[PDB]
Structure formats: structure tokens, C-alpha cells
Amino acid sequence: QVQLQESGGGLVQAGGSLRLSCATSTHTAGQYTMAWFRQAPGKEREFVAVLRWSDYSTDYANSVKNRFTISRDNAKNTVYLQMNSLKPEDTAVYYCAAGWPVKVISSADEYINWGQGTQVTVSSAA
């Protein structure tokens, strides 16, 4: 069982950037597919980004592709999601999840370990 702890969430102005960290209790390179999911108020837990155990490849949901970046520091056992061009509709609780073999990256049922999540609130413009 991999232990996952997210951190770095908070309040951010629209258009800003924010980096979320996910500390993993063991190395995940070639061991677990690592994903970022998000759940907004009322909606369901939807997929954001993935870094695969198979080939170290990254993939993103279309709503975040070319503005979000998933990465991993293997030395620190940490998985990062750097978010850019944030919009008010990105306001959600963000989770990092670990799974294997995850032949369906976008399905939450493929991931066996989850974190408690970190809140991200993107504000409009006063």
C-alpha cells in the first residue's frame, strides 16, 4: 500500500499558477501509474493527468492539456502537478492516486491508493 499525501493547494487568482505536491511513501518509477484527479463541488471525481508505470509517459485530460504539467522527482519520492492558466471552474479538491497496471488511465477504479486531497480555489475578479 503506497501512502500518498497532497499539499500545496490554496487560493489563487484567475490566470495564476500553482504547484501541488504528492509525497509517496515508496518509489513509483516503473512500479505504479501515478495520476492526478479532481472533484468539484457536487460533480464527480474526474481525471486530470497521468504518468504511466509502463513507459514513463505523461497524458492529460483535454481541459488541462498544454497548461498543466505532471512530473516526478524520483529522489524525493514526489509527484508534482504544476497548474497554469487557472480558471474559476478549476476550483476543486485535487487527489493524487497510485495504481497498477492502470490500462484505463481516466478511470478512477484502476487506482488502488489515494490521498486525502488538497483544496484549490480559483477566484474570479472583483
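From 1 onward, residues are counted along the sequence shown.
As recorded in the PDB entry, 39-47 is the stretch of 39-47 and 78-86 with the greater mean C-alpha temperature factor. Looking at the C-alpha B-factors along this chain, the one for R67 belongs to the lowest third. Among all modelled residues in its chain, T26 ranks in the highest third by Cα B-factor. Per-chain ranking of the deposited C-alpha B factor places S106 in the middle third. Remark: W100 belongs to the middle third of its chain, ranked by C-alpha B-factor as recorded.
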